[PDB]
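For reference, the chains in residue letters:
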Amino acid sequence: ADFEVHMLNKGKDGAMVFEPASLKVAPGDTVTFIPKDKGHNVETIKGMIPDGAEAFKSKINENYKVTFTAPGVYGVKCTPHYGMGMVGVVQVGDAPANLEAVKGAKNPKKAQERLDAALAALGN
Ligand SMILES: [Cu+2]
């Protein structure tokens with residue numbers, strides 16, 4: 001399966017957002033992160049990806065396709081706008097085994113609130 005996520009200056013949950021903020025995918029699925037507005041990228045958050053998965057970081061303005069394989073939660077951010085809360089979550093599979101470890105990760109406050117909301121939306 002193939003998915004799109006937009007990086008936007010504004011959307012449903014306000015300013016500086018990933019839309020959708022959460023996505024539940026299967027191993028081998030692909031996500032294309034599209035900065036439909038200028039000035040955004042996608043980067044894995046430290047401490048918020050499954051053991052073994054590969055960290056990534058796109059270029060600003062790049063439509064960036066990533067394939068997800070290792071099960072669990074993946075926290076992502078927009079590098080320049082992380083402090084503004086510009087984050088999202090991709091979750092591979094139900095019952096993510098790294099949930100405990102990723103809830104322990106430190107994020108700036110607005111990012112943490114939006115990551116907590118995303119993780120709840122994913123059923124956790
Ligand atoms: Cu951004």
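Residues numbered from 1 in each chain as written, not as in the entry; some residues may be left out. Heavy atoms only, no water.

Expected angles at a metal are 109.5 degrees for tetrahedral coordination by four donors and either 90 or 180 degrees for octahedral coordination by six donors. The protein atoms that coordinate the copper ion are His 40 (ND1), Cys 78 (SG), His 81 (ND1) and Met 86 (SD), at distances spanning 2.0 to 2.7 Å. Here the copper ion binds four donor atoms, and the angle range of 90 to 132° at the metal identifies the geometry as tetrahedral. Positions of the donor residues of the copper ion along the chain correspond to the pattern H-x37-C-x2-H-x4-M. On the criterion of sequence distance, the pair formed by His 40 in the loop between β4 (29-34) and β5 (43-44) and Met 86 in the loop between β7 (72-77) and β8 (87-92) is long-range, its members being 46 residues apart. Accessibility classification places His 40 together with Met 86 in one group, the buried group. (Donors = N, O, S within 2.8 Å, 3.2 Å for Na, K, Ca; no water. Tetrahedral: all angles 85-135°; square planar, octahedral: opposite > 155°, others 65-115°. Helix = DSSP H or I, 4+ residues; strand = E, 2+ residues; numbered from the N terminus. Buried < 20%, exposed > 50% of the residue type's maximum accessible area, 1.4 Å probe, protein only.)

Moving on, we get to the side chain of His 40. Of the residues examined, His 40 reaches a relative accessible area of 1% and is grouped as buried. For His 40, the side chain forms a polar contact with the side chain of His 81, separated by 3.1 Å. Beyond its immediate sequence surroundings of up to four residues, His 40 is in contact with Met 7, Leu 8, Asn 9, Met 16, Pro 35, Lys 59, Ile 60, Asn 61, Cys 78, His 81 and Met 86. (Polar contact = N/O pair within 3.5 Å; in protein donor to acceptor, adjacent residues only side chain to side chain. Contact = heavy atoms within 4.5 Å.)

This paragraph deals with the UniProt feature "binding site: Cu cation" in the protein. Here, UniProt's "binding site: Cu cation" annotation points to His 40, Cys 78, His 81 and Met 86. Spatial clustering of the annotated residues is evident: they stretch over 47 residues in sequence, but the largest pairwise C-alpha distance comes to 9.2 Å. By the element assignment, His 81 lies in the loop between β7 and β8. Residue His 81 is classed as buried on the basis of its relative accessible area, which comes to 16%. Not counting chain neighbours up to four residues away, the residues in contact with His 81 comprise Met 16, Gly 39, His 40 and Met 86. (UniProt positions renumbered as here; feature names shortened; annotations may be inferred.)

We now examine the packing of aromatic side chains. Counting across every chain of the model gives five aromatic pairs. Taking the centre distance of 5.8 Å and the plane angle of 40° together, the rings of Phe 56 and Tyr 64 count as tilted. Residue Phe 56 shares its accessibility class with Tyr 64, and that shared class is buried. With centroids separated by 4.9 Å and ring planes inclined at 90°, the aromatic side chains of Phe 68 and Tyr 74 adopt a geometry described as edge-to-face. The same class applies to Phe 68 as to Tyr 74, namely buried. Aromatic rings pair up to connect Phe 18, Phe 33, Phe 56, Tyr 64, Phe 68 and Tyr 74 into one cluster. Positioned above the aromatic ring of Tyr 82 is the side chain of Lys 77, whose terminal nitrogen or guanidinium carbon lies 4.5 Å from the ring centre. (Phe/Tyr/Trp six-rings, centres within 6.5 Å; stacked < 30°, edge-to-face > 60°. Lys NZ or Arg CZ within 6 Å of the ring centre and 35° of its normal.)

On to the environment of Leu 122, then. Along the chain, the position of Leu 122 falls in the segment after α2 (109-121). Sequence separation of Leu 122 and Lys 24 is 98 residues, and the distance between their C-alpha atoms is 6.8 Å. Beyond its immediate stretch of four places on either side in the chain, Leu 122 contacts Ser 22, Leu 23, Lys 24, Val 89, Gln 91 and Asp 94.

Take the pairing of strand β6 (residues 64-68) next. Burial along β6 is one-sided: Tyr 64, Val 66 and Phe 68 are buried, and none of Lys 65 and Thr 67, which face the opposite way, are. Pairing analysis gives five bridges linking β4 to β6, with the strands arranged antiparallel. Paired with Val 31 across the bridge in β6 is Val 66. (Pairing = 2+ DSSP bridges.)

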